[PDB]
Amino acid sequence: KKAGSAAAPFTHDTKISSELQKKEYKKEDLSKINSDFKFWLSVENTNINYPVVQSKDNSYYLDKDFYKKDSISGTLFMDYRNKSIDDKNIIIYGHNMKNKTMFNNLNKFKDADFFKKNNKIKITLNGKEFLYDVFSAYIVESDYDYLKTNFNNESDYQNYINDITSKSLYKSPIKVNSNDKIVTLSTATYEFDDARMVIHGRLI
């Protein structure tokens, strides 16, 4: 009946994802299933609990599953510019799906209270967990690209931080400086989307 409500495509990704959640919990090595795998990602009080891959660009995995087959949800993925631990800003992209999956829940950070509750973003890499507090959340337009992974100096990075901080829908009691590391979570799509969600966390 409803346009784009058919079950089989969501079932595909739902089945793949949950199976991977199990495998991750048992500490199986997911990079033996896709060498593109980098780390696991979760966010407190969301359903965001997924693997993150990376490829040559910022598109391949939007409509591809963890086994590289076509899929409407895709797999979360790190920006292709990211290289290492040391990067100042880790950027991760995902669909906003209609059964409220992938990065859909990023929308919760629009609630004033949820945002004050200070839910953490969590990255798990080779059995070591890294935590980030959200200091900035906002909504951007289809072709928003103010998303930088690396910087020439302490000063450029500070300016980027001042900028993305001033953009926040809500003021956070966390000042970030040029010695911090940050994470950026972004909605992304091949379709036109003027309501894209952008979240920034600070490494605790």
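Start at 1 and count along the sequence shown; that's the residue number.
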Between 48 to 56 and 137 to 145, point out the one with the higher average CA B-factor as the PDB entry records it.
-> 137 to 145
Of 70 to 78 and 128 to 136, the stretch with the higher mean C-alpha B-factor in the deposited entry is 128 to 136
Based on the PDB record, which member of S178, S35, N162, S42 exhibits the highest Cα temperature factor?
-> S178
Identify, among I85, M97, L106, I92, the residue whose C-alpha carries the highest B-factor in the deposited PDB entry.
-> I85
Among modelled residues of the same chain, the CA temperature factor third for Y157 | middle
CA B-factor placement of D29, once the chain's modelled residues are sorted into thirds = highest
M102 - Cα temperature factor, lowest/middle/highest third of chain | lowest
